[PDB]
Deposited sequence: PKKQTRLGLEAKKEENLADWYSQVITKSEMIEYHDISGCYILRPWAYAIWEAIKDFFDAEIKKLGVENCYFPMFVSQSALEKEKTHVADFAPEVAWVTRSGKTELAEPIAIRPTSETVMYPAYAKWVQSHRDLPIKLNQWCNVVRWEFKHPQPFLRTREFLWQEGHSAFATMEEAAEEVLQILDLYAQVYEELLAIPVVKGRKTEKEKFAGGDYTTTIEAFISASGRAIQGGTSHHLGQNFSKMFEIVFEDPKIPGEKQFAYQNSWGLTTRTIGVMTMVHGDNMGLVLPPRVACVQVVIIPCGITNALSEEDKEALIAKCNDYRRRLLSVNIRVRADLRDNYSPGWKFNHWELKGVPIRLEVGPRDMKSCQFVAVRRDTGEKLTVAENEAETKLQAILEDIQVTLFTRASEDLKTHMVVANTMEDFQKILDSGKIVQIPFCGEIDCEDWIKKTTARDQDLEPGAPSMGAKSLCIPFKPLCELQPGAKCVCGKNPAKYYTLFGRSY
């Protein structure tokens, strides 16, 4: 690892994700290989999230990757937004197809004709389905691994309800689960909010979001999204049922969709990584503890040291810690030290002949670098205690970043200065698309975009507050900033 995170963030990022063996490049730009070290993080996210949505009554399924042109076009605003980056298959071999078929950029238009078939009466609702799959958004802008890619893995849940109230309830439940993914699994603090009219999902009624801050770049990124689609799709796909109270009155289902992608891993890298490499929160780390023999002497001594390393390995497995003993004669201890530091293993467990003589070992925390000498007696307990402290510590520092870099401004001048110091800003906002474009133009390296209207803003909007445009009154404190 040669580039420094605070001097060239992009070269740093590329080096960190490849040398930690998370990502490999592919010969088709914007598509990245998820090697096991990254894929394991995705599997930990999947385990937690899939269990949580099962408790809500969501079931997993799998819908086709291809959508017909006429299904794709049924919801005019949705298709208008996605059509420029929809990839089209036009032949198999050299045989042109009867009609071009599209790869899903998102599955609303694949799933909802089926929903219309399945909703025959109000008894058939709710429908609550989720799929873990890949989607393709073939934009020609520059990709960035994890954060903005042409193919990505995600989960997308689609729910249909007989009542708007039940749908509005699920929207926030799912958003709170996304916040838990970031804050409890990834140790990343996020801000819950709603998108402005300009930024909301096309075809939806409103979009709720969690926003994460990457202080290295002073930029925010959306981490997960939970939309209320209302009746905009059900009226176009005829997901209908007869009103139970009133004979012959047809009603349209109320729908939500919600998504979360492997962008998570990238945010995790950008927030916690350092100049020694990846830093893994213990909750998602493939390997939580790596055991490494040091020193290295008698044949009996070397055999006894390896035996002690495996005593530690087994007693850690005894209490469900994910542990690897790296007992390779190939590489020196210092080499392995920096290799596993590069991969972000929370704890390095060092066992040398002297410490083993003294019935103790050394535990080295990846986040702070602190070396603790621990009696062998404590091993499982202490290490668990340390892993929890690492998780909290990561969260705490990132929270202090967010608190430091998210502030209120009530004037465009204050706004601009704070923005150019590398922070995100909550300003009073009129909500109009034209004024949002004006903000993006006059704050331009990029202009600031709206990130979200926070559920809980830093300050109370005072009666009669003007927007920063000055022309119209303010409707809400809105978090603005530069965005990935």
Can you list the gaps, numbered from 1 on the deposited sequence, where no C-alpha is modelled? 1-8, 305-307, 456-465
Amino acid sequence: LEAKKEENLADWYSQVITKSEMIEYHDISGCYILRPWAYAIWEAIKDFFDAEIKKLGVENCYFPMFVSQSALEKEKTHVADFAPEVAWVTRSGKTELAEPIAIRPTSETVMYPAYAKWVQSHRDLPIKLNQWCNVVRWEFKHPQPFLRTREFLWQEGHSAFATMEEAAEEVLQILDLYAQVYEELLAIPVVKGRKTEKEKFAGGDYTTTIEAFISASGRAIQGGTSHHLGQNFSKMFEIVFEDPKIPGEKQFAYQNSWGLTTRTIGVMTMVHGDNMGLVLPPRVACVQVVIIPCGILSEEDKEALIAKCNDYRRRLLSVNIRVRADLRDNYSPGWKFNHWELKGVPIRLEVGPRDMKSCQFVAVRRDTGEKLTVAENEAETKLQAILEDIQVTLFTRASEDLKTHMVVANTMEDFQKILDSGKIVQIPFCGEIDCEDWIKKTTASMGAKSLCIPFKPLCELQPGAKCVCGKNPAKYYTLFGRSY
From here on, numbers count along this sequence of modelled residues.
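Throughout, rigid core stands for the largest set of C-alpha atoms superposing within 1.5 Å between the two forms.
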In terms of RMS C-alpha distance in 9 other deposited structures of this protein following rigid core superposition, 352-360 and 149-157 differ, and the farther one is 352-360
So if we fit everything on the core, which stretch drifts more in 9 other deposited structures of this protein, 363-371 or 331-339, C-alphas only? 331-339
Checking the other entries of this protein that model its neighbours, is residue 445 missing in at least a third? yes
May I ask you to compare 422-430 and 55-63 by their mean CA B factor in the entry and name the higher one? 422-430
So, looking at the entry's B-factor column for Cα atoms, which has the higher mean, 409-417 or 347-355? 409-417
Which one, 101, 270, 372, 162, has the peak C-alpha temperature factor per the PDB entry? 372
So among 139, 81, 301, 274, who wins on Cα B-factor in the entry? 301
Ranked against its chain, the third holding the CA B-factor of residue 31: middle
Lowest, middle or highest third of the chain for the C-alpha temperature factor of residue 318? highest
Lowest, middle or highest third of the chain for the C-alpha temperature factor of residue 47? middle
Would you please rank residue 337 by its C-alpha temperature factor against the other modelled residues of its chain and give the third it falls in: lowest, middle or highest? highest
By the record's CA B-factor, is residue 395 among the lowest, middle or highest third of residues in the chain? lowest
